[PDB]
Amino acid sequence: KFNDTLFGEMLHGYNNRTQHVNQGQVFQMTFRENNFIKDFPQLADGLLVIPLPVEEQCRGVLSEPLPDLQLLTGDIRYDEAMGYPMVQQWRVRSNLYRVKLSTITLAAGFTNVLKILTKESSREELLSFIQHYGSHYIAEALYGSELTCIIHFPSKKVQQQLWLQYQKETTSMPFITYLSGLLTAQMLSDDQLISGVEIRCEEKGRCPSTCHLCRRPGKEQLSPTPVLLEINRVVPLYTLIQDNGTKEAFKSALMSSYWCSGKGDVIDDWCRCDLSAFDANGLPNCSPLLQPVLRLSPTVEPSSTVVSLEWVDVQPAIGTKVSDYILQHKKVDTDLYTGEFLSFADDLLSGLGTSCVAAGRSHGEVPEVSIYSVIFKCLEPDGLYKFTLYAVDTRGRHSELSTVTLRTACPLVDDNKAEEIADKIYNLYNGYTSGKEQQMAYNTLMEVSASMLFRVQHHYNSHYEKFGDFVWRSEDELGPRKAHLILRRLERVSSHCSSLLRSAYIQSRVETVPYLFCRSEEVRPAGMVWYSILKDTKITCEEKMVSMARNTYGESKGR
């Protein structure tokens, strides 16, 4: 049977790769020594439970708002006027205990199988051990009750307004409960600043009755049992062997299961894949080559004509080495057709290239994982684009492909000029007679972009619709064909843009933002069947600036 007790997972052993607790039973649980806490039963022997100080108990932290990274990876749809959807995390910890184990004798069943395997130096056998008993034991861990909530805002603007609205009306109440207050009360009203806000919570261990920051209507509880939150320290199970012969042989079998998919031995830095780990094309397949997830840049919203993309390097610390990232891109309108092919190594770092595409490599969250990025600066406005990415290892395997599809923004529209043209056109149509008027009316309407034409229509109909609609009146004064040529131009504007271009007012802000521009100093030595490691390529990185003109849409000019 399964011996379960509180604190709990400390005595059972932990796998690093699969991240699972309760893997076999490493240490024995006994009840000779008398360890109690509060309302909890008798603790197992040799584990030290220390409640965290009153400063840490029932404290909540609101994170800074950031774009929703989940919504920047696939088919990327978001309102251009809104911007990136934002998320903000709220987290409250309540029933906290720090749990260490010292000192405990080994389990009966653990030492039995440890006695028989010690002499029996076998690979398939040592892996079956790790499957059952895991790789480490947990040394230090944090238990308690945490409520983690995520507030999903539809835009960066909508938050800022709500945060400032909250900050005015509070100066008592947490930000999340103020929002939840207005969310639940909205059954009384309808559309407002809070329209698209959503809160999503996930609890690990139920909220105690005493703590008021994690209280949710039905779910309160008197003295809840603490749940594992963090694993602070792990120690490998080869510490427990007590002899130099087996604990070296076990260690190498552990490294095989972690780094080389259990189908190969690890030489310093790389996996020697035993045959036939090798794939369909006969290339070493024991170390996994992961899918690189192509993302939109969180800090740079794509404009019309300008898109910048990111991805985190898929290279493990040990095993596979990535030699290149292949990045294809096309404009759709097609399907299953190949876009312009770009080798990161060869086309983006080495061959210009510029000033339309630029690439960059940078140090990530915690080094050393690299953050590759590429920026497209000569794309076409109101266009749907598909970008795909895959990695290529040192021996020539491709990774699983990854995709991003997105629309570039609407083209810029001088809204003053549009309303001016509309009046010019109306006064010509009230002039009637002249063939110069007719020609010059037709010329000015055709000379300006389709979006501008759609906007002059919007204005023309706002004012002069009672005396004849824009198309109808264009047909009367310019004749059947010229009016149909005008009409057709308006068809070239998309559904998204035509919606946005019916706004009350359009204004133009100009953001100016930095991007990393890197070039290859050193052309690296490549073989026929093996290639050079991309990460080792010496590069010279310079910061540059893009100016990004955007339209700003609204029902009035006060934002």
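Residues carry their position along the shown sequence, with the first being 1.
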Between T171 and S172, determine how many residues of the deposited chain lack coordinates; answer none if the chain runs continuously, otherwise 1 to 3, 4 to 9, or 10 or more.
4 to 9
Select one of none, 1 to 3, 4 to 9, or 10 or more to describe the deposited residues without coordinates separating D333 and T334.
4 to 9
Comparing 513 to 521 with 61 to 69, which stretch shows the greater average C-alpha B-factor in the deposited entry?
513 to 521
Which is higher on average in the deposited entry, the C-alpha temperature factors of 393 to 401 or of 108 to 116?
108 to 116
Residue selected from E368, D382, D414, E310 by maximal Cα B factor
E368
Have a look at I176, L240, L290, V322 and flag the one whose Cα has the highest B-factor in the entry.
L240
Within this chain, which third does the Cα B-factor at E248 fall in: lowest, middle or highest?
highest
Considering only modelled residues of the same chain, in which third does the CA B-factor of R123 rank: lowest, middle or highest?
highest
Would you please rank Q88 by its C-alpha temperature factor against the other modelled residues of its chain and give the third it falls in: lowest, middle or highest?
lowest
Sorting the chain's modelled residues by C-alpha B-factor, tell me whether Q221 ends up in the lowest, middle or highest third.
middle
CA B-factor placement of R200, once the chain's modelled residues are sorted into thirds:
lowest
